[PDB]
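Student: Residue numbers (the UniProt record's numbering), protein chains in the order written: chain A, 1 to 118; chain B, 1 to 118; chain C, 1 to 274; chain D, 1 to 274; chain E, 140 to 274.
A virtual CB, placed ideally from N, CA and C, is assigned to each residue, including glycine.
Could you have a look at this structure, given as structure tokens, before my questions?
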Amino acid sequence: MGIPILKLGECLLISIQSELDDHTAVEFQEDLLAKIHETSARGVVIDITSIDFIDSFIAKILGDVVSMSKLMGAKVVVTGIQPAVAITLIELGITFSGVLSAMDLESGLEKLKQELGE
Amino acid sequence: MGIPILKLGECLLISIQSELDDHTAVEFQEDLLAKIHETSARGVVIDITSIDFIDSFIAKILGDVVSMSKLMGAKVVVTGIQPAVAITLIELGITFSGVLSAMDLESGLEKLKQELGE
Amino acid sequence: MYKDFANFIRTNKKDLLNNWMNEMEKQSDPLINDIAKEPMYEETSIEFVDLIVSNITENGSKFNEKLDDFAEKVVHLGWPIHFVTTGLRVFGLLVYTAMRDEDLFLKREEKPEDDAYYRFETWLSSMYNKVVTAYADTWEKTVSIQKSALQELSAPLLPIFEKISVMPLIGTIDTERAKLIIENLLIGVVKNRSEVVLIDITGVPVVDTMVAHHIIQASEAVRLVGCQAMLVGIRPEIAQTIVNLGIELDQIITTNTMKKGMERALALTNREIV
Amino acid sequence: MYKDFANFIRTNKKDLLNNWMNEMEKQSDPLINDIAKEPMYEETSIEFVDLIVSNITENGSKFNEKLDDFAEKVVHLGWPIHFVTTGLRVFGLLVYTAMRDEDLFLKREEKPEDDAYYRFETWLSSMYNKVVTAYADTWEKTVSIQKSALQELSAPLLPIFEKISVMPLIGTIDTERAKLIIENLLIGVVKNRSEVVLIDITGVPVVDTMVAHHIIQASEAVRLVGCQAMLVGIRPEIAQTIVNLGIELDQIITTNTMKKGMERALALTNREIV
Amino acid sequence: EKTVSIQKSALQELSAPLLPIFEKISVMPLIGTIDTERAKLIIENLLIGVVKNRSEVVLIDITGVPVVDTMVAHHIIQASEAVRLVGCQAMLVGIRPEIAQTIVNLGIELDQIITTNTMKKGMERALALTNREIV
């Protein structure tokens, strides 16, 4: 309902619009894992534009997703994690969070395309 | 005594070290005019590094020198007119004061060389 | 009541002139004599003390503005709250001497009582209260405007390259300034598209542990947005402090000066060499 | 004399507690009640007023430091000079009431005289003088440091290109700031070799005639040194004001934004395209 | 006392001479046995000089000192980290096996420090880092 999994090219695209804490987090986890296991796409792309407030649980779950689908293919968190949520992610979810693309989904798609082409 | 006229290449070089008001100003005027009339050099170069204080008389005399030897050849006031004397020159001697080279006498010599070569 | 209060102020003005005569000896006599000639100061003082009770027992708006003007004039002339307090103290002293000598209170009686005796001091304290109230208005306003200007000048993201956003950061910074810098840097990188942020730590004299930690957090934050943080212009003592902090320094790419650091940045974004 | 003065302060402390009880009603009762509970404020006040005369008639350095600490505490708590003056006024009022009621002065006599009667008020004014003297120290220090920081932050020439020296100039500027900017720009261009100075007027809200004239003078000055002034980032109202000033604008080369202006500058210095 | 003081001053100035300089390259030879205060003097002089005469890389000639204390080795590693943070590679040169063993037993992380056994090798590798400086 809130997890619009899109497949385009040799990639995978996701947009996040729920910002809920537990239920949406776990359902998104399970849906993303099931989709990436079902269809084999080397690069998966995640959007965090809509979100402006994240607690510890979502940050940990997002880092868990990064590790999750990094165990089967490269990825980019294309959308620039907003300043408040970026700070919260740093202070709690201490990691590099994979490859990033800073708010330009065209830039993230281009980066993933050039990484897969080579 | 205080007017070391130097001729090098197809140019003319001057260094100022008197900073006196009337006598040195007029003697420098007359010596520079006599030298530029005696030897024909297309470019003459003037140094104002030593000076840090100039009143109205010297500023007017220097603009007069600019017009003077511009009536017989191009020139550069190579040495950066110091901030205090630059401000005084602007507020009193309102002119563009010819071509300038901003404290690097090598830069001024190079500029005059490339202007004469073409 | 203000009418006979002024009818006795007509001599309390001479009393306060003698008061100024006595008080000039103790506090910076040459300075006050040089900056303000005595007759104008004396006439200003008698003007301030004589027309306050010229209104009918209630108040005066025009003299309120006059009192505010007097407060700002004594602020500019070099009379802080200490000098005004000394003036009030000597005012009271010479009022005491005058009433010991003059002996003429408000109400007509062979021997007055404590009522007007302390009404005098209550009114003295009231005028002093209004004076000190008008004293601090300009000071608070200038403090506020200076603080606002310092806040808006602390983190200028306005210097901008093509797809690169440099940041001067010249002045010394504290915790409030550190929070302002981190917030402003994130906001600026959000609004403007860029890839490299050149932070110039050159300029700050001394950086303690916590400010350096916030700087490293800013670098990591702009990286976690997705823009490389090419921090440039590190001084010896600040580097010693950063490395003593123990924070990892492999993720931060450093350079000695802006020209070389931006050259390396343009090397990173290859197609920006021109 | 300070001994029996304290031996009567042992009841003047209760008098001043009643004074605080009476005075709490008039000035921001909810605010003071919320920020400071009444018992601690009362005990701090009695501590401030009781041990001042516990020394032998001369002075006390430890209590001088205590009084300075009290002054800074009442500064931070939200008691400006107006509130402290009201406190002094109510101090005097309740001393008057107590002496009308208690009737026990310093020297042993069936009927005391004016000597101690006004020695009380002189000492009250003296402690108030010391309090106001300690009041303004931190304020003056923070004003001075803010002014110094504003001065050093006004004209940052630190942002530097290869042979090009940009200048942010973001905050609003006045005549003092204008002189600071012109001086600092000339000094910076003297120390560092450059050819183009990119001044960003973008950021200043409103520029009057004289500041704009000083800006044009700065451009002409850096030109008369021998460096082109590629002033960039002009806003509508400021442009209207500059052109209304009537100063010639042909010598100044302008640009809308930093990226384009510096691109034009690199065009001017052809061999800096890479 | 005067001769002791002047001789101590001479040992102070002879501690960390950054004077040996190549084109955009610097080298700081130290050969006498160093102590804690001497280590502080060396780190201070190294940082101040490398800022004053800015160069891309810095060579430290550890060869010469027989044995160094564990805290001194820790401070040397901190100096390497700091001069890297300024923007200069601390290409340590010619470490002795005993000092290497002491540094290893120190347990600090040892990847950022670039080491060569001879000054010629360190110099050629530094010229390799500045690619077009090799010619």
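How would you list, in chain order, the residues of chain E whose beta-carbon sits under 8 angstroms from the beta-carbon of residue 265 of chain C?
Tutor: Those do not exist, as residue 265 of chain C stays about 13 angstroms from chain E at its closest Cβ, beyond 8 angstroms.
Student: Which of the residues in the region 41 to 73 of chain D, read from start to end, lie with their CB under 8 angstroms from any CB of chain C?
Tutor: The residues in question: there are none.
Student: Enumerated in chain order, which unbroken segments of the beta strand (DSSP E) with a length of 3 residues or greater are wholly contained in the region 135 to 205 of chain D?
Tutor: 164 to 167, 196 to 199, all fully within the region 135 to 205 of chain D.
Student: Can we say the region 13 to 30 of chain B touches the region 47 to 64 of chain B, given the rule of at least three CB pairs closer than 8 angstroms?
Tutor: yes
Student: Please decide whether residue 101 of chain A counts as near chain C, where near means a Cβ-Cβ distance under 8 angstroms.
Tutor: By this cut-off, residue 101 of chain A is an interface position.
Student: For residue 85 of chain D, is the classification buried or exposed, using 16 other Cβ atoms within 10 angstroms of its Cβ as the cut-off for buried?
Tutor: It counts as buried.
Student: Which class does residue 251 of chain C belong to by DSSP, given the choice of helix, strand or coil?
Tutor: coil
Student: Which residues mark the beginning and the end of the alpha helix (DSSP H) in which residue 70 of chain B is found?
Tutor: 56 to 70
Student: What residues of chain D sit near residue 108 of chain C, judged by a beta carbon separation below 8 angstroms?
Tutor: In chain order: nothing, as chain D lies at least about 23 angstroms away.
Student: Give me, in chain order, the residues of the same chain whose beta-carbon lies closer than 8 angstroms to that of residue 19 of chain D; leave out the 5 immediate sequence neighbours on both sides.
Tutor: Closer than 8 angstroms at the Cβ level, and outside the excluded window around residue 19 of chain D, lie 90, 91, 93, 94.
Student: Specify, as a first and last residue, the run of the beta strand (DSSP E) that residue 87 of chain D falls within.
Tutor: Note, residue 87 of chain D: premise wrong, no beta strand (DSSP E); alpha helix (DSSP H) at 81 to 101.
Student: Can you pull out the residues from the region 145 to 165 of chain C whose beta carbon lies closer than 8 angstroms to at least one beta carbon of chain D?
Tutor: 146, 147, 149, 150, 152, 153, 154, 156, 158, 159, 160, 161, 162
Student: Touch check for the region 72 to 84 of chain D and the region 231 to 239 of chain C: three-plus C-beta pairs under 8 angstroms?
Tutor: no
Student: Using 8 angstroms as the limit for Cβ to Cβ distance, is residue 105 of chain A near chain C?
Tutor: no
Student: State the Cα-Cα distance for the pair residue 214 of chain C and residue 242 of chain C, rounded to the nearest angstrom.
Tutor: 11 angstroms
Student: According to DSSP, simplified to helix, strand and coil, what is residue 80 of chain B?
Tutor: Coil, per DSSP.
Student: Please classify residue 230 of chain D: is it buried, with 16 or more other beta-carbons within 10 angstroms of its beta-carbon, or exposed?
Tutor: buried
Student: Hey, residue 90 of chain A and residue 221 of chain C are a contact pair by Cβ (cut 8 angstroms); roughly how many whole angstroms apart?
Tutor: 6 angstroms
Student: Whole alpha helix (DSSP H) runs in the region 16 to 44 of chain B with 4 or more residues, listed along the chain?
Tutor: Given a length threshold of 4 residues, each whole run of the alpha helix (DSSP H) inside the region 16 to 44 of chain B is given here in chain order: 23 to 38.
Student: Taking C-beta to C-beta, are residue 13 of chain C and residue 69 of chain C nearer than 8 angstroms?
Tutor: no
Student: So for residue 67 of chain D, helix, strand or coil by DSSP?
Tutor: helix
Student: Can you give me the C-alpha to C-alpha distance between residue 5 of chain A and residue 84 of chain A, rounded to a whole angstrom?
Tutor: 26 angstroms
Student: Is the CB-CB distance between residue 44 of chain B and residue 73 of chain B below 8 angstroms?
Tutor: Going by C-beta atoms, residue 44 of chain B is nearer than 8 angstroms to residue 73 of chain B.
Student: Quick one: residues in its chain with C-beta nearer than 6 angstroms to the C-beta of residue 196 of chain D, no 5 flanking neighbours on either side, listed in chain order?
Tutor: 164, 228, 230, 265
Student: Strictly below 7 angstroms CB to CB, what residues from chain D border residue 74 of chain B?
Tutor: Here the premise fails: no neighbours, minimum Cβ distance about 15 angstroms.
Student: When you check each C-beta in the region 84 to 100 of chain B against every C-beta of chain D, which residues fall closer than 7 angstroms?
Tutor: Listed by position along the chain: 86, 87, 89, 90, 97, 100.
Student: State yes or no: is the C-beta of residue 130 of chain D nearer than 7 angstroms to some heavy atom of the ligand SAH?
Tutor: Because no ligand of any kind appears in the structure shown, any question about the ligand SAH cannot be addressed here.
Student: Counting only beta-carbon atoms, is residue 43 of chain B nearer than 8 angstroms to chain D?
Tutor: no
Student: Apart from the five residues on each side of it in sequence, which residues of its chain come closer than 8 angstroms, Cβ to Cβ, to residue 39 of chain A?
Tutor: For residue 39 of chain A, where only same-chain residues beyond five positions count, the Cβ hits under 8 angstroms are 7, 12.
Student: So, using beta-carbon positions, are residue 56 of chain A and residue 109 of chain A closer together than 8 angstroms?
Tutor: no
Student: Nearest-angstrom Cα distance between residue 240 of chain D and residue 129 of chain D?
Tutor: 53 angstroms
Student: Quick check: is the beta carbon of residue 81 of chain A nearer than 8 angstroms to any beta carbon in chain C?
Tutor: yes
Student: In three-state terms, what does DSSP make of residue 123 of chain A?
Tutor: With chain A covering 1 to 118 only, the question about residue 123 of chain A has no answer from this structure.
Student: I'd like to know whether the C-beta of residue 213 of chain C is nearer than 8 angstroms to at least one C-beta of chain D.
Tutor: No, residue 213 of chain C lies away from the interface with chain D (no Cβ there is under 8 angstroms from its Cβ).
Student: Would you identify the three-state DSSP class for residue 103 of chain B, choosing helix, strand or coil?
Tutor: coil
Student: I'd like to know if residue 196 of chain E contacts chain C, where contact means its C-beta is closer than 8 angstroms to some C-beta of that chain.
Tutor: no
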